[PDB]
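Student: I'd like to ask you about the structure that follows.
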Amino acid sequence: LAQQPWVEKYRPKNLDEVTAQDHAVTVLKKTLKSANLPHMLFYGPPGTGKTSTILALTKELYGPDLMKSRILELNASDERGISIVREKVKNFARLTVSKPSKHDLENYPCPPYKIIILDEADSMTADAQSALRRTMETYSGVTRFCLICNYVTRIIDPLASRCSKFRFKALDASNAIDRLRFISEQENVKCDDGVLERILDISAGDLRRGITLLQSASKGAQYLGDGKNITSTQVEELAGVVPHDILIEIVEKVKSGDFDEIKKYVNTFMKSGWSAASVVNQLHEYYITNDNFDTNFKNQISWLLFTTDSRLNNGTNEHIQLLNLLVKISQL
Amino acid sequence: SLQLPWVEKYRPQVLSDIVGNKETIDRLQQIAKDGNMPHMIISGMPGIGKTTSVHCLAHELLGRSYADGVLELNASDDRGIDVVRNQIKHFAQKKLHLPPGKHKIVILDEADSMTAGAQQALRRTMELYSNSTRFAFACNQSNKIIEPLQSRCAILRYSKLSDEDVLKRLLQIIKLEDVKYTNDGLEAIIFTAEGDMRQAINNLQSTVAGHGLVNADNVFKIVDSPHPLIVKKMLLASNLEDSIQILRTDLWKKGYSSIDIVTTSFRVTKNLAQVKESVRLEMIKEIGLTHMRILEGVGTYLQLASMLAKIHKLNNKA
Amino acid sequence: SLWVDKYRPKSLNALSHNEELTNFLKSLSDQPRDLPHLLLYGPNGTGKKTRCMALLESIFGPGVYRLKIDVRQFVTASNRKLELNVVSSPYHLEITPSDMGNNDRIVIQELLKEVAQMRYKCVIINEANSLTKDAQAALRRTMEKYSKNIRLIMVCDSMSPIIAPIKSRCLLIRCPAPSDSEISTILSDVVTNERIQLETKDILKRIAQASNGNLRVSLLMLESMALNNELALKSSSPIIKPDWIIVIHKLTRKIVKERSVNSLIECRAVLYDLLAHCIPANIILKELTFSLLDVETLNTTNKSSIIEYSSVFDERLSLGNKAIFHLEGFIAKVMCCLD
Amino acid sequence: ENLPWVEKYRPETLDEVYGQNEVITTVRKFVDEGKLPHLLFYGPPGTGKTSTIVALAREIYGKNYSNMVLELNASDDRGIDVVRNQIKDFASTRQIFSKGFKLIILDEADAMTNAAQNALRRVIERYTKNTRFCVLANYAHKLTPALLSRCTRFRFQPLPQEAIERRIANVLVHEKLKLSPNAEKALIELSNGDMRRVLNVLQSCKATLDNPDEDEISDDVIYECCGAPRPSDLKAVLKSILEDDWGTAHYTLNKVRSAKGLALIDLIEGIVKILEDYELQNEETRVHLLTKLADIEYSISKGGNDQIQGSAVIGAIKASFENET
Amino acid sequence: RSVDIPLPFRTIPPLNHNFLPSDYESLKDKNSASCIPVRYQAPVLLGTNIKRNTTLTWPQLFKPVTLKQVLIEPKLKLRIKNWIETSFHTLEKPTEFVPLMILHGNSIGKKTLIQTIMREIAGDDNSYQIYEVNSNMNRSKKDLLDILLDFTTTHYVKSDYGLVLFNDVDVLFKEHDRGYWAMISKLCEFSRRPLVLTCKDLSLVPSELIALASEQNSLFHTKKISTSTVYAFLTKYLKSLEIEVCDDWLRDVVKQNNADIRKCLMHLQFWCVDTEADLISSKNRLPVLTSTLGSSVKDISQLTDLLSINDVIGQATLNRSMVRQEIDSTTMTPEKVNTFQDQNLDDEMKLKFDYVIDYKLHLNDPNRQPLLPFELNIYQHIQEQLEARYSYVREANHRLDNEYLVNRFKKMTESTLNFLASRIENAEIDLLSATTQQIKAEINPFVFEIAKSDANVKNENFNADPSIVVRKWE
Ligand SMILES: Nc1ncnc2c1ncn2[C@@H]1O[C@H](COP(=O)(O)OP(=O)(O)OP(O)(O)=S)[C@@H](O)[C@H]1O
Ligand SMILES: Nc1ncnc2c1ncn2[C@@H]1O[C@H](COP(=O)(O)OP(=O)(O)OP(O)(O)=S)[C@@H](O)[C@H]1O
Ligand SMILES: Nc1ncnc2c1ncn2[C@@H]1O[C@H](COP(=O)(O)OP(=O)(O)OP(O)(O)=S)[C@@H](O)[C@H]1O
Ligand SMILES: Nc1ncnc2c1ncn2[C@@H]1O[C@H](COP(=O)(O)OP(=O)(O)OP(O)(O)=S)[C@@H](O)[C@H]1O
Ligand SMILES: Nc1ncnc2c1ncn2[C@@H]1O[C@H](COP(=O)(O)OP(=O)(O)O)[C@@H](O)[C@H]1O
Ligand SMILES: [Mg+2]
Ligand SMILES: [Mg+2]
Ligand SMILES: [Mg+2]
């Protein structure tokens, strides 16, 4: 109530207010003034402004009071393709438009069709090739269904045929930095030089992750009570990133080549608590990007890191996997 | 109009005509001759002749009293708790005068689809009225019938029909139907049957109706499955490019899904003999890994290509 | 009963080592209005569950330690009696995924729905790493849909198998292993409350170095050595290691000295004896590998092969049902390499 | 009128069902002979199974088709109970009819449960004399052998280009559209034997045109309307991996994936398909490339970090094609 | 852009498939080595026994006639017999005795025992009147309360040796058998005849009835009888019929039917008819199995790696079916529990989907369903091929299980808790809160160390009773 996560507290309420993404907001305002959209799909990195954009379209389309009744976000969730999604969709088709508001008239076209939001519903245990095709044909004039997706790997061409596919472009670092700095200024987040760039670097363009990390860092800074500017080390610790000093020690040890030294260092490093997956990712960043290594070395280390990461993802012991990876890199 | 299928036109009306499982069929014949039919659960794969065995046993046991002494309940009929508590119990309590030793038969075909509570209610019904009626189940899977029901019946596990019995009855049908047969065609019919006798009869009927003379090529035209020789050439080719071309053209572009290709490859490899047993088992392991990856969700063309590459490595090397 | 239980810090102030984490948890409990979903990760025996329990006590009260056992029985498709001990409390609930195998999704969602049926109730999840991907997705759905009434605190020894969304919607808290001095201080406190007659303080340091940053192992070794010598620890007093570790050492010795099929049959019998005593195969493989790597008659190439086969067979163990096959295959490959 | 081209260009008779010819010839022989056994039309979606059965049912049953044919769909909210109820009520009624052989078209039977399939087999066996079933499915491995043995299976293959292009010519002239040869080739190679996809993409391309009267549709229009990797993009990624530096290859891969919204699985599959056309001097190159890329795809399906997977793809291709050199 | 790949184009040769019948002849299935059905002798029927030419089932033909022939331990037989006589004598007097017996357990003669006791008490079959309430009828309050009250209140028209037996008191439907336990309680209040309850488990019986029966020492457990006595009884039964059989096949019959006298008797009723056909394979013999050494360690390494990969394949594919298997309607699924929780449904709808009352929730995964028999299973083929040439694979298939190593874990934890509590409750909850892996790896072995240390000093002469934990790990 009094507290609100900054991910949803600073969500763009106006459609045109959505930062950057002109190619989407312009066409979307045209479609909104068209008083009817076809069922549309957007693709981009999760957290680039998909849900914010669709909610803002509904904001400038329907009324705020009409909102929580007309929109049912039956997304990839407790709701099941037909067990609940289809049942609730048809029971909502049994429901008509509620009382028209005041400012809603003329200002908010409030088209009769309803909007149903399904975020990443392709990742569901129900494969509805035509279970919702029939329900958006029988209820085309009284509802529409909008979907959220990551890539252009669309599953079924039916139910995804008449789609105005909007490419939510990757959010540029400048505008993302501007938005995060604006949020920090509103929330009086005392940060020195380098916090926001580091947050964007770990979040890799994900503003949602960036905003949550900034909120967590601010909460930790208030917890300490020092009142000092947040450091990049705290942000790194709040995300699981191994410190660069440890990674440099790791690469020096694997340059040394001795099996015993590497084994002892890995034994002492497993007690620190830093995960092996972050070590593998930062080793990839240090080795593939570096221009001081031959093409053969990078080619071999790519497969080595890939195998290590694939084994680590399958729930295996981190000690053995990291020791094997570091030894194999040493033999390279 | 319609022509009677050879599956139905040449259905055994007596227990002696039924081939396969000689011991069980002979014992069922002896039971039908003498009487005192025990409760039985005939189980096994599809198409080996379970329902035919039950119906022939009931007919031979009863005779003219078959109409009023046998109650058949398939999955199409309702077999709920109410049905078991009323209809089956009233049939068991019915007073029918039969020759001594003979008993009324309650044929519950496809008992694996019956609900558990109906099976529990059937247990007391069969235990109480066993002096007048005897029950006979017929399920594809024997584990779907509750242990209380299985402890009051003689479980019959029919086995897959061997090549010899299928060949014998097929020769009988070909001889009474004036069918031109070739050794390769009949061998193809056995191979596509895989112990399913109904499948063998249907394939023979389809081949005769469509392409007349039963050659192996004619049999492999009405099975709508990957051609075993094509799959064998794909797996056993010494050039990987040729195997990839075969998989792309004759299998992937023709609409054969990954499951059918994997099944045909596994069957061919299991039937392969020129390669060693260790090589056979290792290729079978690669096919199993590919089938596993398909079951997880990764059933793309690249997985089958990698399977072919591994099989090529295993064949050319080692 | 055990000193690992009686001398368990039951308050945030009672926490001795990792003072930064203690301050962070105290500040988190300073406002009990909002607990973000916590993912406490680190080495085993580092006080992760102790700190979670202390934080829950500080928010609610000393009741969070009054635990009741509610046994839940479930039946799957193949009719197996899936029996679970669901440790509950008037304020919190505790569950453990591994105790239900592959089927850890339906049971987890049923228990979480039962919790949500009735400010908030915190659900503690031990070994969140062992959760399958579908169960982790169900947890991700729960953390967003059931955020108002359920706060999931997950304790895992490794966060790497956890999916990205769960990490993204959780406060990642790391628990580093206590240093040798901190373990020695804790053991000295246990000693001075239990009146242990040491001849010197070096014994505690030896215990700490033998336990390798594991507080539970160090405390149990203290208790065992104290009760063996009747509260009379000495320099000559050997470190009490569990029997399975000694059996693994003997197995490694046999593997190094005897490379034969009959030796492999004997190794299989030893593995069967170890697994029959309810010892998880992952730990058995870990100790076997790290004891084979410490053999002083082996060069670099053999040890690299040992670590490679250990990684491969650990991955196979994580994805397999019968562990004896994986362990025997690892032993056979090791013996083939050692030739 | 205001209808999708899917329903507008439906085959109203058996002569308009292109591509599948063996099935149509057998069905025409069936109707001419009068022997119509239980049919099972299965294959990839959009091959023309429903079109075939609808055309045949209309051709046999004239005007009474509305009452003599019941079209079911097991995927709906009925379950075994209501589905069985409807089938037995339609099959055992023997309503006032001109002739007989009431036809039941059960669509999406691969979603029917095992008990439901056995019950359907029993119902088919009981009411064979008056009711003929033409159970429809998409995959034959999801159907029980009991149902598979009571029906004459008729596999549908993906339509051949010669047909897809004929229906292209038919729809284009009637709807007054222009397809450039490269765009037509792209649509034909992108449909993969799916006429429904062709019609949907064609209608979307019509709607896309600023003046949908004489504006020719280009290759890029179809490749962006369908949402598929362009051959140029995959070829550029492949050549950057093959002949450029590791940093440049990584930059090109990331840029293409971000700009085209292309997942790594599609990139791997397209690279494999393109490299199939090209010849390799060695064979270990092909073996290692296929095996490593399949392993990468399998690991991608389970999950991980995409940067390491992309680096693994680049390294696998580079190592495989340095083996040949 | 063209962006040409630096690779020459490939001209694909045109593939043709002209297969000679010689290649078709190679499709013949090679003779399988894994399959090995070994037959037994035909049964040798001796003489013309009147029992052989019977019209009743063999389990009922050999129905017990006294209390000596029932397959139950004599102690419990005597206890039940004395309880029934005492109940008859007490209820004869005007009436602290609630007539109730719970005859729980997993034995077979849980109903013929009561009938034989009645036959012995009355001396005649017609005298005793046992009213069996079986599951084949509707055991609901509004259908049976009046009938049972009238039966247990007045005298039968004919010593009134009357009894009510509730067979299968564990399987009860939620709506069909409504108010059943209320009926049992009301009968217990207003009965003058004994009330026997039989079940396979005691969990379904309400705790009130359990406590009431345990107070009167009327809770009797039927333990399963060892296979030796079942085998001896079967040999005597076949001697009565004068049928020769090899003792190996009879041993196999006893073993495979879980020592069930009724199941074994039905199996012998089938497989002992006067026919020349050979007997069932029963325990399948070894498929020319040679568990050899394997010579070089490389071969056994390959075999073990193949075994590990096959185990991975089995774990990955043995529970992923492609055909959507259905969920049983008469099961206590959570959806069914919540459905009956809603009061919108009337009595008629609840009759359609009535579920059997249970204490264990029946959860199911619609996606991860077990493989059907007709689906492809390469894991089974690899397992049967490897077992046919290596016996230790077949041994490993059953050396360890899932119920095993978990019940052992439970017993080990119980012993550890007992040893800890015997210190010269808090553990019961906190150690349980400690993760199962931690108890398996660290707590239990160290508790064993402490137990063996305290057992050492006891032999020399801070905890007592250490021999149990010493025995558990041994
Ligand atoms: N263009 C943007 N301008 C301002 N804030 C943004 C923008 N894009 C994202 N955000 C912030 O990030 C949050 C999530 O953005 P969205 O992408 O709309 O949500 P989302 O699609 O649900 O994210 P995922 O896919 O579930 S991780 C918003 O609530 C904002 O706080
Ligand atoms: N051993 C056999 N000898 C002769 N005909 C057989 C034999 N087995 C099967 N058939 C024929 O094949 C068909 C099998 O029919 P059923 O016995 O009903 O099949 P099933 O064994 O019950 O398996 P289902 O129907 O899948 S549960 C009949 O037409 C039989 O005539
Ligand atoms: N062989 C064909 N000849 C002509 N039009 C075809 C052919 N195959 C498909 N089509 C067209 O493509 C669409 C396919 O419609 P349907 O036949 O209903 O789909 P289907 O082949 O039954 O597959 P689904 O996805 O399981 S409904 C229709 O618009 C048809 O006009
Ligand atoms: N020596 C014996 N002792 C006991 N029962 C015997 C003996 N010989 C044969 N039987 C048969 O074993 C069966 C035991 O009685 P049942 O009523 O069928 O079983 P039950 O008591 O209901 O227990 P269940 O079946 O596990 S619920 C009867 O059919 C008896 O004829
Ligand atoms: N701050 C601390 N001070 C003293 N002892 C501690 C502290 N933290 C943990 N311990 C010891 O650790 C034991 C519990 O470890 P636990 O938290 O269960 O390990 P894990 O987190 O690996 O499950 C207790 O017996 C307690 O004595
Ligand atoms: Mg979203
Ligand atoms: Mg049948
Ligand atoms: Mg259709």
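Per Swiss-Prot, chain B residues shown: 6-323, in order.
Note: Cβ is positioned from N, Cα and C throughout, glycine not excepted.
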Student: Taking B:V12, B:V213 as the options, which does Swiss-Prot list with B:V24, B:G49, B:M50, B:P51, B:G52, B:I53, B:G54, B:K55, B:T56, B:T57, B:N145, B:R203 at the ATP site?
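Tutor: That ATP site, as Swiss-Prot gives it, pairs B:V24, B:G49, B:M50, B:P51, B:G52, B:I53, B:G54, B:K55, B:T56, B:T57, B:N145, B:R203 with B:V12.
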Student: Cβ within less than 8 Å of a chain E Cβ is the test here; which of the binding-site residues B:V12, B:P51, B:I53, B:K55, B:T57 meet it?
Tutor: B:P51
Student: List those binding-site residues among B:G49, B:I53, B:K55, B:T57 whose Cβ lies under 8 Å from any Cβ of chain D, in sequence order, or write 'none' if there are none.
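Tutor: Out of B:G49, B:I53, B:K55, B:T57, none lie under 8 Å of chain D.
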Student: Taking every protein chain shown into account, which of the binding-site residues B:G49, B:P51 has the largest tally of Cβ atoms within 10 Å of its Cβ?
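Tutor: The residue with the densest Cβ neighbourhood is B:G49.
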Student: Per 10 Å Cβ neighbour count, which of the binding-site residues B:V12, B:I53 ranks highest?
Tutor: B:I53
Student: I'd like the number of other C-beta atoms within 10 A of the C-beta of B:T57 (ATP binding site), please.
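Tutor: A 10 Å sphere around the Cβ of B:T57 (ATP binding site) contains 18 other Cβ atoms.
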Student: Note down the number of other Cβ atoms within 10 Å of the Cβ of B:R203 (ATP binding site), including every protein chain shown.
Tutor: 22
Student: Would you work out the biggest C-alpha to C-alpha distance among B:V12, B:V24, B:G49, B:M50, B:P51, B:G52, B:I53, B:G54, B:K55, B:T56, B:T57, B:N145, B:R203, the residues that bind ATP according to the record, and give it in angstrom as a whole number?
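Tutor: Between the outermost Cα atoms of B:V12, B:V24, B:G49, B:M50, B:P51, B:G52, B:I53, B:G54, B:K55, B:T56, B:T57, B:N145, B:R203, the distance is 19 Å.
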Student: Specify the count of other C-beta atoms within 10 Å of the C-beta of B:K55 (ATP binding site).
Tutor: 23
Student: Could you check what DSSP calls B:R203 (ATP binding site) once collapsed to helix, strand or coil?
Tutor: helix
